[PDB]
Structures are given as C-alpha cells and as structure tokens.
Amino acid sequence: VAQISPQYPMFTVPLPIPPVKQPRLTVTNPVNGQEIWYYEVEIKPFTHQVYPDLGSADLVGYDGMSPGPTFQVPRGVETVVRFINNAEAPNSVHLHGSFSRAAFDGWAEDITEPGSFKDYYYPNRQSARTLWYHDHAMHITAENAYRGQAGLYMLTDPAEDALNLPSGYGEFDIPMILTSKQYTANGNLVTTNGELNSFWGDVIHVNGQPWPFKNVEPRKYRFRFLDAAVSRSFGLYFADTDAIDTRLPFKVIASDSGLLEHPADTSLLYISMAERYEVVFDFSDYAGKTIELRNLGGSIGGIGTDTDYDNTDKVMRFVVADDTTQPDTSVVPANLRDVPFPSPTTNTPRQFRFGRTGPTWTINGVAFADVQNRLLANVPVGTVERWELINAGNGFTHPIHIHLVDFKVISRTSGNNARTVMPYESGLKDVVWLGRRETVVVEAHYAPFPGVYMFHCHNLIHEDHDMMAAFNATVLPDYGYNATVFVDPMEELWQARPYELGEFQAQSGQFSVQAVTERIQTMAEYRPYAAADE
C-alpha cells in the first residue's frame, strides 16, 4: 500500500557502523583478583538529519546516538555498565541474551528516573553470541526503543574465533540492525504513542539509516542480523539487481544463543522482533554486480499479518567490486560446535495462550500490570520445562521471548499448515515467532540463577499493552549464593541512584575513580554469578 513517509533517496547513503564502546576504568574484583570493565553510557536527546532536504528527527539514545555504541566483551570478563538517564522519561536497560541476575536484567518496573543512574553487573559467561541492550521501561518500551535506545553487545570467544569465520567488526563482520519507522512530511519521526495494535513503519533502516548501500569485495562477509523493529517481522533474501526475484543462497551460522551445530543452507530467512541470526554471504560469484537485500511481501508470505508498503520489499544494496585487495582467508566449517542442548524432559508442557482480553494483549488472560495475577510459573532452578506457546489468532503474530534461559525449538504447528521448525531454528534461541495460528513448544533449562524474570511478546506494542508476565526460578532456603539479595528485581541494594550533571561532567563525586572503585568492589563481594562457575 502507498508509502506514507516522504520519498527517500534510496541506496545513496553508506551503511553506518556503530562505534565500539570503550570502558572508562577496570576495577580489581577482590573475590577472584580479576579485572571488571566499568563503562558509562549517558541516555540523552539528540537530533539526526534522516531526510537530506527536510527537517531533523528527535531521538533519545545511548551516548546520544542510534543505534547505541556496540559493546565487544570477551567471555570470562565481567562488566559493570553505569546507564545514566539525562533524558525526559524513565528507562530500564535489558541485556537481551544474558543470564543476568533479576536486579541487573531490566525488569520493567526497575526504572531509572531522569537525573538518576543504575550500575548493571553482567556475567559475560555464556557462549559467544550477538546480544543487544535496549529499553524495557513499563508502558514506554516501544517509544523508548523506537526513539533510539537499542544497541549491539557482542560476546566473543577465541574458540569461535579459531573457526576463521569472516572477521573484523566493520571490516568483514558487519552489524545489520533492522528497524521499520514512519516519518512526518518534515522528516521527524511519527510517534508510536497511541498505537495499540502494531506499528509497522514504512521506512526500512539498517543501523539507523534508511535504505543504505555498502561497497563490498567479492568475498565472504559475516552479517549479524537483529530485528530491532517495534512491530515489523521480515523474510530476508538476497537478489542480483539483474534478476531481482531470484533468491541467492547463503548460510546461517548462528541463532540468538550462538552457533548452530552446522551452517543452515538458506535462500529465505524469517526474522521477527528481537531475533538474531548471523549469516555468511559469499559475494565471490557476483563480482561487478549489485546485490539487493530484500524483504518478502504478502505479510512475510502468509506467516505474518504485517502491512506491506511501496518500499518495505527493499532493505539495502551491496555494490560488489571486480576483485579483492587481500585474499579471503575466512571459511564456514561444516561443523561449528556441539550445541549445549538442555536435557529432554517428559514433564507435561505448561500452556501459554497469547491473545487479547477486551482491547488488552494478554497471556492466559493476564496483563503484566496486574501484579496479583502476572506470576504464571514457579520453576525450581535446575528443572527442564517444555512451554507450549499458543497463538490461536489468525489476525496477529507474536515473537515470544523468555528471559534468563536459552531454549530448543521442539515443534511448530500451523492452523494454516504453513510451516514447522526452520533449519536455522535447529540450535538454541531465546525468541521464537508464533506466526498466524502457530503453536511452538520450546524446551529450556531454568538455570543457573534463582529470581523473578519476565517473558512476553517482543512486538513492543503488544508488550506495552500488555502482553507480558513473570516466572520465578525458585530455590529452597538452604541454597546459598546470597540468593536472598539476588531473587528480587526491586532489591534496594541494586536500585538506581540520583546524580548531579556537574559531577558526571567533571568525573568527580560518586563518578571519581575512588567512588566507582569502592562501589564495584562492594557489588563484587556479593558474588552475583558464582553459581555459574566451572
């Protein structure tokens, strides 16, 4: 249907690469003698000239940019990030893909007010994977994410680096953060405020840029796909502009939680909100050609319900040189890793129905705001459970996300007989797409940390109004590991604290090296992640 946003000069602006975020300090952990990397991120308003010949867009971003800066953290290095709210609305940061403790996970009511900050303590112990950090504040998550509070967080491992996949952040390892937005006649964003069904967007962005292009060499690139859109799901394919409907083969090497067991040979990649898929595309057969990354129409070929617009079939263009300047020394091995699948369970699956209750998006008839009713599962730490995730509706779809865990996709049924489990769903994930009339069973190890965690639809419009609930990963009173201060996301110890802008700017007061060092060493003494040691 007709594009609403003004006409954009397609494929004329180079793909931006978010800069790598550097830590301010390292602090010695007195428990283990190891360095904890300490970072500061200031959440603040900024404007960005999206349309060349119109006015600017109003954004609020991590370090005043969108996407936020990219974190790059080696497995085994703990990090503390001081997220500083210098904006106009509260925030709650979630590191999506991280088994963070309840109070460091972005619980939706665990907000930071403007003129406050919160120290998030991250474990960085899980398998190499593409995480992303983004806003999770109750009621306002869609608008906070839409206006720019999302960025990438790459957990690296020299074992994955030894596979010799295409490498170098911004060289042959390229972030591909997909969003879908709408702009006014004067080039400002159309707000998501007021939208209660879905905010599709008619302008496709990669790394914050409408319909960009990139010059590539005829060799292999790693692409880290992330659907950071408010409501838009994609069906991605590559085509030569000389044969724009002919899909070119590629390999999926990783899902939300890390590498697949083997690359999945693929010409079409379904990716819904919050899903990450890493792809190796080989441009060697397309020297001197232009390859367009495109998006399936027909509401992702009958899987979705998303509205299609004039240019939502287009993502970006790659212009391929005639030759490489350096040898392609990268490979995609047939055997990537042994995926650490959870134990199979014979426990009867729990059922969660994703539907509407009057005008409100609900789980088993419940809204997250309803404290009394929203705790839907008590799961002893170490238990494996199958959850049967049910979309009974034909008129909407739900990418379902479960905090804490990585899960195996066991089964998909479709009331439209459309599809079962995809080859790139063979590994471990933390989001799975319930297409039209789809039921998915997932299997997860509820481990290794006790606490109260969220699960929800990651259509941010549905999540906000109000398709989200909680489970409690429970322990017996003799468990240890300071569980008493780590199970409650609202624990006073870990709450946001006020700051004065002056001290932040001067790096004085509670921003002094001494104050930060004492705060982190005190946090580290509680040993938040000890239960995951090996």
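Quick note: we count residues from 1 along the sequence shown, nothing fancier.
Engineer: Which of the two stretches, 11-19 or 507-515, shows the higher mean Cα temperature factor in the record?
Structural biologist: Higher mean C-alpha B-factor: 507-515.
Engineer: Mean CA temperature factor from the deposited coordinates, higher in 462-470 or in 477-485?
Structural biologist: Higher mean C-alpha B-factor: 477-485.
Engineer: Choose from 149, 233, 257, 325 the residue with the greatest Cα B-factor as stated in the PDB record.
Structural biologist: Going by the entry's C-alpha B-factors, 325 comes out highest.
Engineer: Going by the deposited entry, which of 301, 340, 187, 201 has the highest CA temperature factor?
Structural biologist: Of the candidates given, the C-alpha B-factor peaks at 187.
Engineer: Going by what the PDB entry lists, where does residue 496 fall on CA B-factor within its chain: lowest, middle or highest third?
Structural biologist: Highest third, going by the recorded CA B-factors of the chain.
Engineer: Could you look up the Cα B-factor of residue 291 in the entry and say which third of the chain it sits in: lowest, middle or highest?
Structural biologist: It falls in the middle third of the chain.
Engineer: Can you tell me whether residue 370 has a C-alpha B-factor in the lowest, middle or highest third compared with the other modelled residues of the same chain?
Structural biologist: It belongs to the middle third of the chain when residues are ordered by C-alpha B-factor.
Engineer: For residue 69, does the deposited CA B-factor place it in the lowest, middle or highest third of the chain?
Structural biologist: Lowest third, going by the recorded CA B-factors of the chain.
Engineer: Can you tell me whether residue 27 has a C-alpha B-factor in the lowest, middle or highest third compared with the other modelled residues of the same chain?
Structural biologist: Middle third by C-alpha B-factor.
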